[PDB]
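Just below is one structure, and these are the notes that go with it.
All chains are named by letter (A, B, ...) in the order of the sequence lines, taking the proteins before the strands, and each is independently numbered beginning at 1.
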Amino acid sequence: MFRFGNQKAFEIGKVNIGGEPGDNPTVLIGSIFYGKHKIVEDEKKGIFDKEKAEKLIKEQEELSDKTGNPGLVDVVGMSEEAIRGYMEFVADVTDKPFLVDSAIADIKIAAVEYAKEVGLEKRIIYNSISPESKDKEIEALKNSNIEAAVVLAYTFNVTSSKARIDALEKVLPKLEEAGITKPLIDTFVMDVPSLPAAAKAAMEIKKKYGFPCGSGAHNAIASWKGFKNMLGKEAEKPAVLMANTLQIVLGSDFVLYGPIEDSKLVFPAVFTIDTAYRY
Amino acid sequence: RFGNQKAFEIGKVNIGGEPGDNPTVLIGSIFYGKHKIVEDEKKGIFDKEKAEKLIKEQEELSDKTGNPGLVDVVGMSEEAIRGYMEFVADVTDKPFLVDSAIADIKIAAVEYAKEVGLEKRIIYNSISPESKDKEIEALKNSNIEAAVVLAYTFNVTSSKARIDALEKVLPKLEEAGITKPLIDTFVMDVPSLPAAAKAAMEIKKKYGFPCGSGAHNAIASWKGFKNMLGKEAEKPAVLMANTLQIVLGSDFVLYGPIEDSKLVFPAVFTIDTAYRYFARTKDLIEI
């Protein structure tokens, strides 16, 4: 049977992530307040439709309760002041752990500091730490009780799975320094050709370390030059769903699946794969 | 890639080959049971405009993605399937499948093909360990070369049982003169999805044959699924059941109703495109 052996299931805010195909439910992570999210009126100030945001979060949680696939929120911030208000809102709407997500180190550090101030540290998953992470990111985490982080196995060599393992091994001493004991490895999907390499890296990292592994490909379809021009906008939905679930067919542990609106697509799909492997 | 896979050419459409080399062939059913464009299934009366549109919409997707899009012509009577074949053959030059649960209806499709010269464009769907001798005789007395082989078995979680079913069919193929078999490794329910995929892997290794399946029935029959999640939720579930075997290296999908071409084609195009970058790599074989 499709089992790796000796896999780690980390418990983060009472949610289990990691394990074996079929046996341990895939964790699905939907992003909210992402770039150009239409529920956001002003991304700098972080002004948004709270009714619509709450509904999006609760709709993912309803699907999660039905399938048994844990559903978490990935909170994106484009400014320090925005992400503070987003964190306060999400923490008011749900008890689940959630990710704080920014490409900008200063915004993630501001999220860490806000978690310390209002009392969210052990509910926060830092998204992400990479080989390129700044020392001040590692210091901010070290001076916190945040235990969990996404490790981005970033590499220019997008078709190499070994380059992603190398990237992970560059981050591993940063995790020790920061006190991160529950890493979730984002095996890094940049484009369509990265899809098989990221999946292979997940299998090799699960074999070597047993960490929970996953990725997200909304990205890879959004970056696919000529795709939408040819096939149309609606065609991105099945393409994104496929790119998001290929790694689950190939044994990974979680999906950063992109816009939280897509929960109604990704939960039934992944529920099907998990069920197939379980039985 | 190893170099042992058979890529069959049927009606100038290529099906199969080394994993990642060539586009997945996508096969959508038309005039299936309770298809709403059919007014009378016994007489084969149907909305010709809507049927033509369904076929042409799949072919536009095929022309854009490079995935060959074929029609699976379902018949519920002998007279209906003759008229369906004549319509489909008039609307496209592509090969197409003739499909019925009833042996006599598939035999009538064979006889019609012989009558109007369609034998090189027809794929008989399907031959199984349970096929009647009259089916094998009809094929033997024809120039039809291609058939879907259904690796049918009561043991739905067993991949060895599907290989056994294929090997029961091999001498029927020789007697019928089927030189281009396409192996439907038989998805029954959701738990059979990995067994069918593993069977396809073993068959590709042992024989060179193109392999595939479809899963449309696996979701329809999931007790409690539609009750828990919506009716809409069947579509992403069906997409997965249709694509898991492509992720695991198969060659074609019998994806169900031709209406779903706009769901299956973008998804499979994405897998094929990703795997093309890894064609003939040790990496893809490991993955």
**OP:** Using non-hydrogen atoms and a 4.5 Å limit, figure out which bit of A/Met230 sits close to chain B: side chain, backbone, both or neither.
**Re:**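 Contact with chain B is through both the backbone and side chain of A/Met230.
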Subject >> A/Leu246, part contacting chain B, at a heavy-atom distance under 4.5 Å >> reply: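 Backbone plus side chain of A/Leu246, per the 4.5 Å heavy-atom cut-off to chain B.
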**OP:** With chain A as the partner chain, list the residues of residues 154-166 of chain B whose heavy atoms fall under 4.5 Å from it, by residue number, and write 'none' if nothing qualifies.
**Re:**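 Not one residue of residues 154-166 of chain B has a heavy atom under 4.5 Å from chain A.
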Original post:
How would you list, in number order, the residues of residues 209-227 of chain B that have a heavy atom less than 4.5 Å from chain A?
Top reply: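 When heavy atoms of chain A are the reference, residues 209-227 of chain B contributes B/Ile219, B/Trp222, B/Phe225 within the under-4.5 Å range.
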**OP:** State the CE-CD distance between A/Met203 and B/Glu286, to the nearest 0.5 angstrom.
**Re:**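 A/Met203 CE to B/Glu286 CD: 9.0 Å, rounded to 0.5 Å.
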Subject >> Distance in Å, B/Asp189 CG paired with A/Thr275 OG1, rounded so as to fall on 0.5 Å steps >> reply: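 Answer for the CG-OG1 pair, B/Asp189 versus A/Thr275, is 11.0 Å.
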Original post:
Checking B/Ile287 against chain A: side chain, backbone, both or neither under 4.5 Å from a heavy atom?
Top reply: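 Both parts, heavy atoms under 4.5 Å.
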**OP:** Considering only heavy atoms and a distance below 4.5 Å, find which of A/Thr67, A/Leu63, A/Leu231 pairs most often with chain B.
**Re:**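 Most pairs with chain B among the choices: A/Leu231.
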Subject >> Greater than 12 external heavy atoms within 6.0 Å of A/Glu132's CD >> reply: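 Counting other residues, nucleotides and ligands, CD of A/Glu132 exceeds 12 neighbours.
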Original post:
Residue by residue, which of residues 192-202 of chain A have a heavy atom closer than 4.5 Å to a heavy atom belonging to chain B?
Top reply: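 Near chain B, by residue number: A/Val192, A/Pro193, A/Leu195, A/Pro196, A/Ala197, A/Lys200.
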Original post:
What residues of residues 261-271 of chain A sit under 4.5 Å from chain B when you count only heavy atoms?
Top reply: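 Contacts with chain B: A/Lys264, A/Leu265, A/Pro268, A/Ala269, A/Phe271.
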Original post:
Does the pair A/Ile248 and B/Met240 meet the rule for a side-chain contact (heavy atoms from CB on, under 4.5 Å), with working shown?
Top reply: CA-CA 11 Å; A/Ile248 304 308; B/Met240 286 298 110; over 6 Å; no
